[PDB]
Amino acid sequence: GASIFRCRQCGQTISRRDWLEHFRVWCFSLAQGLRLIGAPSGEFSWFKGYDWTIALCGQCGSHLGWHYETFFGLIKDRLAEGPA
Amino acid sequence: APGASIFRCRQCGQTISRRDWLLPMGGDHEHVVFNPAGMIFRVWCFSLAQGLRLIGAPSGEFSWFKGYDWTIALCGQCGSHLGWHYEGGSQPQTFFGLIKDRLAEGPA
Amino acid sequence: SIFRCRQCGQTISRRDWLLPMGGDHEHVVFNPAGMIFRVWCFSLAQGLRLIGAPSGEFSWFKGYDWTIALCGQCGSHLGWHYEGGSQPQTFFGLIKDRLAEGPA
Ligand SMILES: Nc1ccc(C(=O)N[C@H]2CCC(=O)NC2=O)c(F)c1
Ligand SMILES: O=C1CC[C@H](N2C(=O)c3ccccc3C2=O)C(=O)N1
Ligand SMILES: O=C1CC[C@H](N2C(=O)c3ccccc3C2=O)C(=O)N1
Ligand SMILES: [Zn+2]
Ligand SMILES: [Zn+2]
Ligand SMILES: [Zn+2]
């Protein structure tokens with residue numbers, strides 16, 4: 001029952017276990033339904049050698065995590081998990 | 001005189017659980033999940049609960065918590081679906097996952 | 001969006017001022033007489049009248065005292081004000097079903 005990951009606020013589909021905790025952050029190789037905003041930043045990056053960009057939910061605008069450059073680092077408590 | 005000590009069924013007032021019995025499963029008492037019908041639930045985990053009626057036999061299908069089987073938990077007074085009872089697992093063997101917005105919190 | 005008193009329309013609070021106390025802006029609560037309320041927390045509000053001295057008895061929010069909040073314009077009981085805490089020192093718990101949300 002924890003195969004698909006979704007925006008907690010509106011339910012937009014974001015990623016899946018096939019693409020997949022370290023706040024607790026989940027790293028995914030691929031994601032959908034986000035909007036990546038702004039230019040990359042290195043400041044306080046949790047992953048050595050990566051810059052990040054803010055990742056919002058494309059449906060409701062909730063801040064779900066970051067895109068790193070590649071992979072996506074998403075905040076566990078901003079997501080809902082459920083079955084495929 | 002604490003005003004946030006007891007959880008009762010929002011629909012009828014049945015005594016269900018207590019703040020003192022919240023349980024941080026995987027490091028957090030709160031879990032946000034969805035079922036196969038796409039319903040999103042803000043689930044609070046409790047070590048203990050009362051005043052429920054646990055319906056049928058456990059199932060592992062679609063379980064949100066690795067290693068646990070679930071049974072539907074209704075309010076034993078009014079039949080409101082308040083969450084699930086989990087069993088069959090490890091550390092703990094059992095717990096309750098209750099739907100936060102279906103409870104009312106208040107004084108003892 | 002703004003929240004207006006459902007009974008008379010006076011502006012009371014704003015969506016920008018929603019406050020997630022204990023991790024959620026919504027709290028379903030019951031008082032000692034067993035009345036159930038669905039309360040939304042806001043940092044600020046306007047147009048209310050707070051009645052009585054603050055009380056700590058049965059506060060729904062640990063570390064805060066409460067005062068009853070009426071609409072100042074029509075008298076509707078819209079919720080409570082909370083004070084005497086830290087981070088934040090004060091906020092409101094307003095009864096969702098007694099407000100109307102709409103454009104400013
Ligand atoms: N005989 C009564 C009737 C009502 C109340 C009442 O509504 N109290 C609220 C105040 C707000 C709060 O944070 N907690 C409460 O429980 C009461 F205390 C005593
Ligand atoms: O790799 C990252 C992503 C960004 C993240 N981060 C935050 O969580 C945060 C909160 C407030 C202001 C600025 C930041 C920031 O850089 C952080 O600490 N590291
Ligand atoms: O851990 C659990 C509890 C039960 C829950 N569940 C539901 O809420 C549901 C609704 C309809 C068909 C099947 C299911 C199911 O397994 C679910 O998805 N996971
Ligand atoms: Zn969203
Ligand atoms: Zn009930
Ligand atoms: Zn009014």
# chains A, B, ... in the order shown; residues from 1 in each chain; ligands from 1
>>> interface_residues(of="chain C", to="chain B", cutoff="8 Å", atoms="only C-alpha atoms", output="PyMOL selection string")
chain C and resi 27-32+34+36+56-62
>>> write_last_selection(atoms="C-alpha atoms", output="CSV table (one decimal), in the first residue's frame")
chain,number,residue,atom,x,y,z
C,27,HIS,CA,-8.8,21.1,15.3
C,28,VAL,CA,-12.0,19.2,16.2
C,29,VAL,CA,-12.5,19.7,19.9
C,30,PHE,CA,-15.1,19.3,22.7
C,31,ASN,CA,-15.7,21.5,25.8
C,32,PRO,CA,-16.6,20.2,29.3
C,34,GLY,CA,-19.7,18.0,25.7
C,36,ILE,CA,-18.2,19.7,19.7
C,56,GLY,CA,-6.6,28.6,31.6
C,57,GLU,CA,-9.3,26.1,32.5
C,58,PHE,CA,-9.7,23.3,29.9
C,59,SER,CA,-7.7,25.1,27.3
C,60,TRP,CA,-7.5,23.2,24.0
C,61,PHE,CA,-4.0,24.6,23.5
C,62,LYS,CA,-1.4,23.8,26.1
>>> interface_residues(of="chain A", to="chain C", cutoff="12 Å", atoms="only C-alpha atoms", output="number ranges by chain")
A: 9, 77-78
>>> write_last_selection(atoms="N, CA, C and O atoms", output="JSON list (two decimals), in the first residue's frame")
[["chain", "number", "residue", "atom", "x", "y", "z"],
["A", 9, "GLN", "N", -1.49, 17.66, 0.01],
["A", 9, "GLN", "CA", -2.51, 18.71, 0.04],
["A", 9, "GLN", "C", -3.59, 18.51, -1.02],
["A", 9, "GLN", "O", -4.76, 18.82, -0.76],
["A", 77, "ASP", "N", 6.88, 14.38, 4.73],
["A", 77, "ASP", "CA", 5.68, 14.88, 5.39],
["A", 77, "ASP", "C", 4.86, 15.80, 4.48],
["A", 77, "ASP", "O", 3.83, 16.33, 4.91],
["A", 78, "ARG", "N", 5.28, 15.99, 3.24],
["A", 78, "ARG", "CA", 4.51, 16.76, 2.26],
["A", 78, "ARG", "C", 3.81, 15.82, 1.27],
["A", 78, "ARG", "O", 3.11, 16.31, 0.37]]
>>> closest_residue(among="A:79, A:43, A:48, A:66", to="chain B", atoms="only C-alpha atoms")
A:79
>>> residues_near_ligand(ligand="ligand 2", cutoff="10 Å", atoms="only C-alpha atoms and all ligand atoms", output="ChimeraX atom specification")
/A:23,25,41-48,50-54,65-68,73-75
>>> residues_near_ligand(ligand="ligand 6", cutoff="7 Å", atoms="only C-alpha atoms and all ligand atoms", output="list in words")
residues 5, 6, 7, 8, 9, 10, 71, 72, 73, 74, 75 and 76 of chain C
>>> residues_near_ligand(ligand="ligand 4", cutoff="10 Å", atoms="only C-alpha atoms and all ligand atoms", output="JSON, numbers by chain")
{"A": [6, 7, 8, 9, 10, 11, 12, 13, 14, 33, 34, 56, 57, 58, 59, 60, 61, 62, 63, 64, 78, 79]}
>>> interface_residues(of="chain A", to="chain B", cutoff="7 Å", atoms="only C-alpha atoms", output="PyMOL selection string")
chain A and resi 1-2+8+80-83
>>> closest_residue(among="B:51, B:18, B:91, B:45", to="residue 73 (chain B)", atoms="only C-alpha atoms")
B:51
>>> residues_around(residues="residue 12 (chain C)", least_positions_apart="5", cutoff="9 Å", atoms="only C-alpha atoms", output="ChimeraX atom specification")
/C:2-5,44-48,71,99
>>> write_last_selection(atoms="N, CA and C atoms", output="PDB file, in the first residue's frame")
ATOM      1  N   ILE C   2     -10.800  36.055   2.108  1.00  0.00           N
ATOM      2  CA  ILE C   2     -11.089  36.534   3.452  1.00  0.00           C
ATOM      3  C   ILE C   2     -12.194  35.676   4.054  1.00  0.00           C
ATOM      4  N   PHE C   3     -12.216  35.649   5.383  1.00  0.00           N
ATOM      5  CA  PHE C   3     -13.262  35.016   6.157  1.00  0.00           C
ATOM      6  C   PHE C   3     -14.124  36.098   6.778  1.00  0.00           C
ATOM      7  N   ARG C   4     -15.411  35.995   6.492  1.00  0.00           N
ATOM      8  CA  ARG C   4     -16.380  36.971   7.011  1.00  0.00           C
ATOM      9  C   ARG C   4     -17.317  36.287   7.992  1.00  0.00           C
ATOM     10  N   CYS C   5     -17.834  37.058   8.928  1.00  0.00           N
ATOM     11  CA  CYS C   5     -18.866  36.539   9.820  1.00  0.00           C
ATOM     12  C   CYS C   5     -20.047  36.076   8.942  1.00  0.00           C
ATOM     13  N   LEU C  44      -4.091  36.202  13.516  1.00  0.00           N
ATOM     14  CA  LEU C  44      -4.743  37.491  13.773  1.00  0.00           C
ATOM     15  C   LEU C  44      -6.205  37.390  13.358  1.00  0.00           C
ATOM     16  N   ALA C  45      -6.963  38.378  13.799  1.00  0.00           N
ATOM     17  CA  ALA C  45      -8.325  38.624  13.378  1.00  0.00           C
ATOM     18  C   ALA C  45      -8.679  40.060  13.660  1.00  0.00           C
ATOM     19  N   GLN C  46      -9.820  40.474  13.124  1.00  0.00           N
ATOM     20  CA  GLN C  46     -10.340  41.815  13.345  1.00  0.00           C
ATOM     21  C   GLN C  46     -11.849  41.757  13.468  1.00  0.00           C
ATOM     22  N   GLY C  47     -12.420  42.835  14.019  1.00  0.00           N
ATOM     23  CA  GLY C  47     -13.859  42.942  14.066  1.00  0.00           C
ATOM     24  C   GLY C  47     -14.541  42.078  15.110  1.00  0.00           C
ATOM     25  N   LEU C  48     -13.778  41.454  16.014  1.00  0.00           N
ATOM     26  CA  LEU C  48     -14.377  40.696  17.112  1.00  0.00           C
ATOM     27  C   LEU C  48     -14.422  41.538  18.385  1.00  0.00           C
ATOM     28  N   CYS C  71     -18.515  38.186  17.254  1.00  0.00           N
ATOM     29  CA  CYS C  71     -18.527  39.244  16.247  1.00  0.00           C
ATOM     30  C   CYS C  71     -18.820  40.580  16.925  1.00  0.00           C
ATOM     31  N   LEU C  99     -18.199  31.075   9.808  1.00  0.00           N
ATOM     32  CA  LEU C  99     -17.525  32.010   8.926  1.00  0.00           C
ATOM     33  C   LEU C  99     -17.955  31.689   7.487  1.00  0.00           C
TER      34      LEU C  99
END
>>> closest_residue(among="A:84, A:31, A:71, A:38", to="ligand 3", atoms="only C-alpha atoms and all ligand atoms")
A:84
>>> closest_atom_pairs(of="chain B", to="ligand 5", cutoff="6 Å", atoms="only C-alpha atoms and all ligand atoms", output="tab-separated table")
residue	atom	partner	partner_atom_place_in_ligand_line	distance
B:9	CA	ligand 5	1 (Zn)	4.5
B:11	CA	ligand 5	1 (Zn)	4.9
B:12	CA	ligand 5	1 (Zn)	4.2
B:14	CA	ligand 5	1 (Zn)	5.5
B:75	CA	ligand 5	1 (Zn)	4.6
B:77	CA	ligand 5	1 (Zn)	5.2
B:78	CA	ligand 5	1 (Zn)	4.1
B:79	CA	ligand 5	1 (Zn)	6.0
B:80	CA	ligand 5	1 (Zn)	5.3
>>> closest_residue(among="C:42, C:17, C:64, C:37", to="residue 83 (chain C)", atoms="only C-alpha atoms")
C:64
>>> residues_around(residues="residue 92 (chain C)", least_positions_apart="6", cutoff="6 Å", atoms="only C-alpha atoms", output="MDAnalysis selection string")
chainID C and resid 41:42 80:82
>>> write_last_selection(atoms="N, CA, C and O atoms", output="PDB file, in the first residue's frame")
ATOM      1  N   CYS C  41      -7.426  27.647  13.260  1.00  0.00           N
ATOM      2  CA  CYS C  41      -6.533  28.591  13.933  1.00  0.00           C
ATOM      3  C   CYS C  41      -6.016  29.667  12.970  1.00  0.00           C
ATOM      4  O   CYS C  41      -5.617  29.363  11.833  1.00  0.00           O
ATOM      5  N   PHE C  42      -6.108  30.924  13.431  1.00  0.00           N
ATOM      6  CA  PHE C  42      -5.593  32.073  12.692  1.00  0.00           C
ATOM      7  C   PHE C  42      -4.665  32.893  13.568  1.00  0.00           C
ATOM      8  O   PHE C  42      -4.928  33.034  14.759  1.00  0.00           O
ATOM      9  N   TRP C  80     -12.672  31.900  19.945  1.00  0.00           N
ATOM     10  CA  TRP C  80     -11.938  32.238  21.153  1.00  0.00           C
ATOM     11  C   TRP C  80     -10.619  32.864  20.727  1.00  0.00           C
ATOM     12  O   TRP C  80     -10.051  32.521  19.677  1.00  0.00           O
ATOM     13  N   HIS C  81     -10.100  33.710  21.615  1.00  0.00           N
ATOM     14  CA  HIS C  81      -8.735  34.197  21.503  1.00  0.00           C
ATOM     15  C   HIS C  81      -7.888  33.513  22.549  1.00  0.00           C
ATOM     16  O   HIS C  81      -8.343  33.361  23.688  1.00  0.00           O
ATOM     17  N   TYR C  82      -6.628  33.236  22.190  1.00  0.00           N
ATOM     18  CA  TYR C  82      -5.655  32.563  23.027  1.00  0.00           C
ATOM     19  C   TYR C  82      -4.471  33.482  23.233  1.00  0.00           C
ATOM     20  O   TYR C  82      -4.041  34.137  22.305  1.00  0.00           O
TER      21      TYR C  82
END
>>> closest_residue(among="A:70, A:32, A:15, A:3", to="ligand 3", atoms="only C-alpha atoms and all ligand atoms")
A:3
>>> atom_distance(atom1="CA of residue 57 (chain B)", atom2="CA of residue 89 (chain B)")
15.1 Å
